[PDB]
Each structure stands twice: as structure tokens, then as C-alpha cells.
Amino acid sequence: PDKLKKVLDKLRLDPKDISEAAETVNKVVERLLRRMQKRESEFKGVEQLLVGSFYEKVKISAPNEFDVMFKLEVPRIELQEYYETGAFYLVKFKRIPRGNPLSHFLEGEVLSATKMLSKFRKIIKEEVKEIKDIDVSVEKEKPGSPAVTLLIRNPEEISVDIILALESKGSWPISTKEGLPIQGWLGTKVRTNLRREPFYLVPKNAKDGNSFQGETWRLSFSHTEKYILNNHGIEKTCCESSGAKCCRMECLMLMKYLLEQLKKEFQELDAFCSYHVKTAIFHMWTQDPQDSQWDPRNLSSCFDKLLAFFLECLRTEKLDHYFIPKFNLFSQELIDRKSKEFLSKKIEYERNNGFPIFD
């Protein structure tokens, strides 16, 4: 209780420090954006997913890291499910446009994610080289990442992930039909309105051995996930000025920070990522939908039942993608059986000893 609240103080974003990064992040992102929007650029139609504010780009439990999506509203595309996860797809056009630059990235009828990302990376590398009023560099490509990560230092280093994405305003793929099970929690009108919004595809960028590995795209619901984080209560006034504070976000920050610390010491946890944590708490928020089940006075009790739920996902080797029920993020083919039992052992140790890793 007293220890968990003390850890949250160092994780909470100082509005004075996050504002100083807003000027630098916006300036660099805007410059790269207007570079992509030139006549020669094949990404001339690209736009920013979340525009206006700056907390939409910051990553929780990560004060110096930021995510930005560069979305491209392509013509009417047709999706082809690539293997039976429901998250990965080949992308074709219903009618290939005549003078569109995206045709340069076609491998037959399918749009090549890896070629688009390569040319995406080059245009970014060229523009950041011309940046001399602020030290900006392009980090080496992370395997499996759809993003071109920038390294900005003035004076402390901050990270900006520039994610390439296709925007589709068509209907969400059929694999999501039973996903987003928020009816008892956020309600059916929220779920209907959310599923009227676009969906996004990002390069899988995974050397999986398939013949279409460079043409594979992954479903992204980062916009829907951000909405849920900002609108996480059954009552509309949850965490508002005239409402009651809850500890949902604090439990997520604690769980995310507990995993990232365990990952820095043990390489056996490399297959785990913070998305497993956000997926797990989404299911927890669906299981415990009442705002009173997340009272800030029960912080320790709420953080403990999140750990127990997570350990239950490791034990059963089952963690369905919140938007794609058929996609088990904890299947053997994605995470080894020994890694789950290892993470379970370490979490039980931290849980039983007052979390010594937070010292």
C-alpha cells in the first residue's frame, strides 16, 4: 500500500517535464510529416492518427517514450487472412488505382509491407539528417516492429516510434466479430460506436519463413485501446473532476512496470511485452466492470487480483487478443511453455515478498 503508492509517484508524468518534450516531439514529427507530403513521396497522403494534444502520444509507465502513427488512407482494400490467427493479413486493392504510388509496392496483387517500411525508413533517415538544431537519430530497425524509432536527446534521451499504418474505413474484419466484449462494462452503444471507427494494419515485419512474410500486415487497434484507457469506467465521471477516482490505470502502470523490470534482469522473459499486460487488464476490467471494484483505497488488493489473473493466464496458457478472440497470445507457438512457468515463478516471488524489485 505505502510501497505501491511510492512507486506510482516516480511513474506518474510530471506535467512540467512532459510539456518540454511536447515542443520537441511535435516539431520533429511535423517536419517529417510535411516531408512525407511532398510531390515525389509515395506516402503523400499520410496523416497523423492522433493530432492536437500530447498525452495521446506518451506511453504510460514510460516517461521518455512516445508513439506516433503515420496513417495512410488507401483505396478500397480487400483483406486475405494469412494463417488462422485472425490478426495477420495479405492486403490487395479491390481495383488497383492507375496513378497511385502505392502500386510501386505491389508484389503481384498484394501490397508489400516490408518494401513500404523500407522506403518509409529511408525518407525518415534522410530528413532527420538535415535536422541540426536538435540531435535526432534513427535507431536500428527492431525486428518485428512496424515503427521507425527516432532517438531525440536534449538533454536527456527520448524515444519516438513512428508507426506506418494503413487506414481502412471499411468494416472491421470478421475475426473481430466477438471481440471487444465491453457490453457489460462500457456498454453496447460504446461498442457499436467504436466499431464504426476505422481499423488499421501495420507491417508485421517478422521473418517467419513464409513466402509472404514481407507482405504480411497486422491488425492494430491502438486508437480503440487509447479510447478505452481514457474512458475506462462504467460511470461516465470516473476519474473526472466531479467524479470518483479509480485505480485502474495505476494497476496497469504497476503491472507494466513490474514486467519491464523483470525483463531487464532475465532474458528468459524476452518473448513477453507490455501488450500482454494491457490485454490482461482489459480482460480484468471486463471481469470486474464496477468502478467500486477498483477503489483507490484497495490499491494493493486490486493490484493483487490483477497479478492473480495474469498468473491464471500463464497457468492455462491462454490470453485471447481482446479484439480477436481466436488469437491466443499465450499459445505454445508464440511463447514457450518454460517461459510462462518462469514468469509465474518470478511473479509469485515478488508478490509474496512485498515486491523487492521495486527498491
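Sequential numbering from 1, following the sequence displayed.
Mean Cα B factor from the PDB record: higher for 222-230, or higher for 250-258? Of 250-258 and 222-230, the stretch with the higher C-alpha B-factor average is 250-258.
Select between 281-289 and 150-158 the stretch whose C-alpha atoms have the higher average B-factor in the entry. Per the PDB record, 150-158.
Per the coordinate record, which of the options 86, 99, 184, 179 holds the highest CA temperature factor? Most elevated C-alpha B-factor of the set, per the entry: 99.
When the CA B-factors of 60, 302, 68, 319 are compared as recorded in the entry, which is the largest? Within the set 60, 302, 68, 319, 60 shows the top C-alpha B-factor.
Lowest, middle or highest third: which one holds residue 195 when the chain's residues are ordered by CA B-factor from the entry? Its C-alpha B-factor, which the entry lists for residue 195, ranks in the lowest third among residues of this chain.
Please say which third, lowest, middle or highest, residue 55 falls into when its CA temperature factor is compared across its chain. Within its chain, residue 55 is a highest-third residue by C-alpha B-factor, going by the deposited values.
Comparing residue 237 with the other modelled residues of its chain, is its CA B-factor in the lowest, middle or highest third? Within its chain, residue 237 is a lowest-third residue by C-alpha B-factor, going by the deposited values.
Name the third of the chain's ranked CA B-factors that contains residue 72, choosing lowest, middle or highest. Tercile = lowest for this residue's CA B-factor.
Split the chain's modelled residues into thirds by Cα B-factor; is residue 166 in the lowest, middle or highest one? Lowest third of the chain for residue 166's C-alpha B-factor.
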